[PDB]
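Structure 1 and structure 2 below are the same protein chain in two forms, each given by itself as structure tokens.
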Structure 1
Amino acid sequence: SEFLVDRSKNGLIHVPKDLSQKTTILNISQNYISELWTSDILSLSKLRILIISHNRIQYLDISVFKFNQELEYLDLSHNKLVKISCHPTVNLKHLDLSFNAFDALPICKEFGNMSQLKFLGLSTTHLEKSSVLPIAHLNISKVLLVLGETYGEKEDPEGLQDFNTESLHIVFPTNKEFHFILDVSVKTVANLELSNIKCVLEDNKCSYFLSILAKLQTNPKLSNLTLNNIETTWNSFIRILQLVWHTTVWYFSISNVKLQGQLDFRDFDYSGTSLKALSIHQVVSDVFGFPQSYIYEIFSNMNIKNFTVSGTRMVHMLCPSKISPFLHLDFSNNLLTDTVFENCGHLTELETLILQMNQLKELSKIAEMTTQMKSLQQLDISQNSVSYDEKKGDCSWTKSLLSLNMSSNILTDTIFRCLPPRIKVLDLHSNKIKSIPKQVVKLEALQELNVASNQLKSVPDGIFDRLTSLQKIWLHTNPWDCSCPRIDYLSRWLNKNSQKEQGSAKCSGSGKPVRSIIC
């Protein structure tokens, strides 16, 4: 049972009154409501979730839900809250006051009795360490704190030290140089996230931001660090990578970055790291574009096992200088070409490599890249423009390759002459395959084969008599000629193996499910 009333985006001005008393979830987000009374919601006795975000409430009396004993989730984010009255009320598990106009931290003493409070979203322009005290005894899981645009004057450096939270997401002011002296190293924080870091100036390259990051080295509890919406020079960017490299963090994630200047930094110290994974999503450079020097050398020689770089104008990734510990590399959505990692015998531990959506073109070159990757189990080169030239001869795939994703390219039926021998998973959909040659019978171990969205009209008589290992197969979005007898072996054989087909391959023009032909 769950009576959901979704009145969001209805231009409401007050809380709808003619609501069923069965309402357990009330969504009135994105409207024009300006007041929240007790009578607005007291009659909804079973109300459990209340979402009034993106309205324009300025005053919050927290006793207005005193009669909603089942309420555990309240979202009042993106309102105009400037005032909050503290009174006895119900124990919430989730309270969101983020993105409001409070001048002081909207923390009520009554918040202390919320023994199940697991998420607290706050808004403020002034943070005093002592104002957090009522909740300093609660084991909160995540706190979102949005510092208003005018935050900055009369800063308390220990303002956060009383927060007892496992995850902290600090949202710094937007459109402002980073000059804030707030210690983000908190005793109990394991997952720290910081949004909006901007330091594009000569005076001193992100010294303030780097300073608070350096205090993240002195806490073994910090395990996950995330940085969002960063704008600074290329030097300061590499300084951040280097600084956090020596912290305690295991997982470091960076998304939405705008970098400028000429990169000078290339003397990276990889020692003393605890990093398990690093991901960099969405990097934008200045008018000159992605650096032509140093950056790849920094990226290629990282002494880590998980490494993602997506959403960048990156064009190379070189063989690591020494034997590399790279284990799972995701370089999807860049501008890399086929020579990436060429002539490389230092990636013998790599097990998965994703090069989806780049600028790969010739498959023989890509298979040569794979030869010395003796542990490589999965390879994704989908959404490129890869063709295979049968003239180049045999392909030197590594024997360890089990899964191969080549969807969204311009391969032909010759592709089946350029497949690793132990192939088990094979995704070729959105290609230019017009037929299935006799080479397929040699893939006994094949378990999955996706040739959807090609130009298949039929398959040979008996092409599956020796593919005893198959479990899943896609055939849809292909123009099959369904006149008997060209469609009979495909009809009888398909009918028997009912569970194996994924989706519904349909006849060209007739539209009938192919299983339904009686030749």
Structure 2
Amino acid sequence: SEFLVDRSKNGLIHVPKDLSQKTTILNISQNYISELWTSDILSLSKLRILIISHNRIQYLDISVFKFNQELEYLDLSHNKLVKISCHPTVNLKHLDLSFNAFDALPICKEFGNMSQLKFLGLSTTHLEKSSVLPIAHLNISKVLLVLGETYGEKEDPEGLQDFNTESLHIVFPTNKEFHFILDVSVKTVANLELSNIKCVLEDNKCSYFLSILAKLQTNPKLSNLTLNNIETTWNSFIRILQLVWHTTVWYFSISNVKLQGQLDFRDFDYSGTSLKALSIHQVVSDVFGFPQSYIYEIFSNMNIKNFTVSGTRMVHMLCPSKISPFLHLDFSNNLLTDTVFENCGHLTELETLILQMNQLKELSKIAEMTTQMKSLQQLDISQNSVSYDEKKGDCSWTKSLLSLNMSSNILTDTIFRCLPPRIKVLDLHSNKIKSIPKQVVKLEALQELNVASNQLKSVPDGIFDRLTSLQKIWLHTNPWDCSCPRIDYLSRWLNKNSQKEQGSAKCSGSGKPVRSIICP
């Protein structure tokens, strides 16, 4: 019996009163509430989840929840809390006090009795190793710690050592050069996340940040590392990459990067890594004068299996200098063109390649890029401006390709003259296809075909009869001509193979489902 009351973004100045006593989840986030009285919630005996984030509460008396014995989730993040009065509370599983104005770590000795505490959000401008002692015995899943904008003076390197968490996320101050010495290598952490990192001074480039990262080598438990909001030079960025390369991390994620300067550090050492996956998202770079290949060479020669780069202005990518272990590459949402990986014979192990949202145009050239990719099984080149010139003749696709996504391009029916033999999944929605040629019957392995949102008015009689493997077909959003002596086959086929049709193809003008037309 889950009852929910959402009064978020209502411009409320007080906790809304007179709410159902059935309420189990109250969400009054994003308002102008400044106080929480016991009388505001004492009747909500079934309250299990309370969200009062993004409000303006400055002080909070924890005894105010004494009548809410079902409470297990409390989110007071993003308020103006400077003080919390300690009193025995319920056994919370989730307590979020992050993004507030606390000077000292808001840890009550009482929190030590919260045996079921999985998530703990905190805030501080000052951090003492001892203030964590009250919850040191607790096996917390994730701890989020936001350091105030004035954090820094009289800093204790061992400040985090007593935390006992599996996952830890440290949010450093914004708009301030990184000059912190707080050791982020914690004994129990497998998943580490660090955010706001800025060191734009080439001289003594990120020595402080690189120093704390260096200390991560001594932590064999570290398995995942995530860096957010980085503002640095090209040299430092590459040093960060190099340093992490030799740690024990398996999964490395970087997002929201601002780069400047000239890249001089090209000598990358790929040896001794444990990295399985590297992803980089949203990168903006200032203009520069060094050859772009300096960047591409570093990434193209990485000895990892999974690599993703999205939301950057990368206009090209080079072929690896030696047979590469790349298995899955996701280069969606960049500025790549038809010549990416051209003249390559080193991506022989690549199984998946995503090139969605780039600047692709000529299909023939894309197919050639594919010729030596002997293990390629899935290829996505959707949301580009791809067209095929039949005058180029047969395409050179690898025979291993099984799933091909070419939706949202400008392909015509000539596309059926340029398709991999063993193709199983072919997505062609949102193109300029005006007909389905006879060549389609050669696709013996075709299981899923999507030709929705094109310009098909009809199909040849019996066109689908030789597609014995077919299981799914999309034909909707096409201007189907339902005049009887022409729509007969399709209407009948669509009726007998009802389970296969995804969506509902409809008649142009009439609007009636093709499946329902009957001819004499």
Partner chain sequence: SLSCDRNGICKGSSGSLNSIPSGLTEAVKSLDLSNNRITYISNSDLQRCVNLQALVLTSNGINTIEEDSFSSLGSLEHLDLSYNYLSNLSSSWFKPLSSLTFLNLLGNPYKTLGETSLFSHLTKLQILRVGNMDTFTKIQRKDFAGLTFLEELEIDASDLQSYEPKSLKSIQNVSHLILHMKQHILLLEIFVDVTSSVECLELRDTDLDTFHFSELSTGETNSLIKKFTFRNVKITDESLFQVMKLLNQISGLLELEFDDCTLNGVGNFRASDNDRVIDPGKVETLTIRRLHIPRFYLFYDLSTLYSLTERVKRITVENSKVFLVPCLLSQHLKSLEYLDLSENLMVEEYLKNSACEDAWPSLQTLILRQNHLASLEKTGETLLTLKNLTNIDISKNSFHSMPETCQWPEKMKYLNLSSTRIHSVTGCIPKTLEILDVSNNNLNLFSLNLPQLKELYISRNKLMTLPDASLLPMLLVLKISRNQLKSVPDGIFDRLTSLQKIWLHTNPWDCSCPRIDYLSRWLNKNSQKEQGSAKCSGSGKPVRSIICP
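Residues that one form lacks are left out of the comparison. Structure 1's sequence is the ruler for residue numbers, which start at 1. Take the two forms, find the largest set of C-alpha atoms that superpose within 1.5 Å, and that set is the rigid core.
The chain as displayed in structure 2 is taken from the form deposited with its partner chain bound. Core-superposed comparison between structures 1 and 2: among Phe172, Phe416, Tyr73, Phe290, the single residue whose C-alpha moves by 2 Å or more is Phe290. The Cα position of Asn343 changes by 1.3 Å between structures 1 and 2 once both are aligned on the rigid core.
With the core fitted, the CA of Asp264 sits 0.9 Å away from its counterpart between structures 1 and 2. Here is what shifts between structures 1 and 2 when you lay the two on the core: just one run of at least 3 residues, every Cα off by 2 Å or more, at 287 to 291.
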